[PDB]
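Given as structure tokens, the chain that follows is alone and in the form deposited in one PDB entry.
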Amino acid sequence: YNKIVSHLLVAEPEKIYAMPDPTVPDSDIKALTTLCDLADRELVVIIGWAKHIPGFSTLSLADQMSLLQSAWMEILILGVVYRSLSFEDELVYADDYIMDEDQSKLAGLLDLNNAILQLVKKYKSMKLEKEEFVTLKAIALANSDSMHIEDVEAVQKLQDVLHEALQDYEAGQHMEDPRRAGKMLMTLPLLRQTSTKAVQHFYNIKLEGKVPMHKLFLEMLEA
């Protein structure tokens, strides 16, 4: 099938561990510290991953950063969602960090995680495949809607190239539903929405200043 989709598949980064501190008492501050630490490390691999998206590296450093700063959370969320598809009411932030309802409650993330679970539910019924997952991630980056893009035409070209990949993929792989590509595209609004909630919530966590956050995570969160 489509070359871009398969290129994205081989470019998929390895899983990373959350490694929550075994010596620290379980609390909302510990959970949040673990997640922001995990996100910070993921953001690093996400930046290296983006270089593999056709045309992305040709954009100016400025535009590349603009796209990443607008889409970073959507990309992080898609990952959690995909790793959770074969689970029930649980979010696999990492193999060693699976959050259920109670954990979400004590971490003060019940509403955010419930929203991510809404994403998981919809993708489950659509039987989201890994090929579609990786393409959606790339598309989410390209269709980020940054308010500071220098070369609008180039970004639209990137969006177009990736949209075509998904289209070509669905036309060849899912003959039974000539509208599957569109359905995949129609799941983006909920991703954008959930991402916005997460960024807002974690911004308030940054302000309350009771949770340490690393350089890269803070840079994205302060974009």
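The first residue of the sequence shown is number 1, and the count goes up from there. By rigid core we mean the largest C-alpha set that fits within 1.5 Å across both forms.
Enquirer: Between 153 to 161 and 22 to 30, pick out the one whose C-alpha positions differ more from the shown form in 9 other deposited structures of this protein, using the rigid core for superposition.
Expert: If we average over structures and residues in 9 other deposited structures of this protein, the farther stretch is 22 to 30.
Enquirer: Regarding 205 to 213 and 10 to 18, which shows the higher C-alpha temperature factor on average in the entry?
Expert: Mean B over CA atoms: larger for 205 to 213.
Enquirer: Of the two stretches 188 to 196 and 166 to 174, which shows the higher Cα B-factor on average in the entry?
Expert: Taking the mean C-alpha B-factor of 188 to 196 and of 166 to 174, the larger value falls to 166 to 174.
Enquirer: Report the option among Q159, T34, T58, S66 whose CA atom has the maximum B-factor in the deposited record.
Expert: Spelled out: the listed residue with the top C-alpha B-factor is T58.
Enquirer: Return the residue from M99, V80, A138, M147 that has the highest Cα B-factor in the entry.
Expert: Result of the comparison over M99, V80, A138, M147: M147.
Enquirer: Hey, what third does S84 fall into on Cα B-factor, ranked over its chain?
Expert: For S84, whose C-alpha B-factor we compare with every modelled residue in the chain, the answer is the middle third.
Enquirer: When the deposited Cα B-factors of this chain's modelled residues are ordered and cut into thirds, is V134 in the lowest, the middle or the highest one?
Expert: Its C-alpha B-factor belongs to the lowest third of this chain's values.
Enquirer: When the deposited Cα B-factors of this chain's modelled residues are ordered and cut into thirds, is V92 in the lowest, the middle or the highest one?
Expert: Lowest third, going by the recorded CA B-factors of the chain.
Enquirer: By its CA B factor, does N114 count among the lowest, middle or highest third of the modelled residues in the chain?
Expert: Middle third by C-alpha B-factor.
Enquirer: Please rank the C-alpha B-factors of the chain's modelled residues and tell me whether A181 sits in the lowest, middle or highest third.
Expert: For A181, whose C-alpha B-factor we compare with every modelled residue in the chain, the answer is the lowest third.
Below, we turn to the form deposited with a partner chain bound, even though it does not appear here.
Enquirer: Determine whether any heavy atom of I4 comes within 4.5 Å of a heavy atom of its partner chain in the deposited bound form, and answer yes or no.
Expert: Judged by the heavy-atom cut-off of 4.5 Å, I4 is well away from its partner chain in the deposited bound form.
Enquirer: Given that the partner is absent here, does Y169 sit within 4.5 Å of its partner chain in the deposited bound form, heavy atoms only?
Expert: Contact with its partner chain, no.
Enquirer: Does at least one non-hydrogen atom of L68 fall within 4.5 angstroms of its partner chain in the deposited bound form?
Expert: Close contact exists here: in the deposited bound form, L68 approaches its partner chain to within 4.5 Å, heavy atoms only.
Enquirer: Considering non-hydrogen atoms and a 4.5 Å limit, does its partner chain approach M220 in the deposited bound form?
Expert: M220 belongs to the contact set for its partner chain.
Enquirer: Would you say all of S84, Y93 and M99 touch its partner chain in the deposited bound form, counting a heavy atom within 4.5 Å as a touch?
Expert: No, because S84, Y93 and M99 lack any heavy atom that approaches its partner chain to within 4.5 Å in the deposited bound form.
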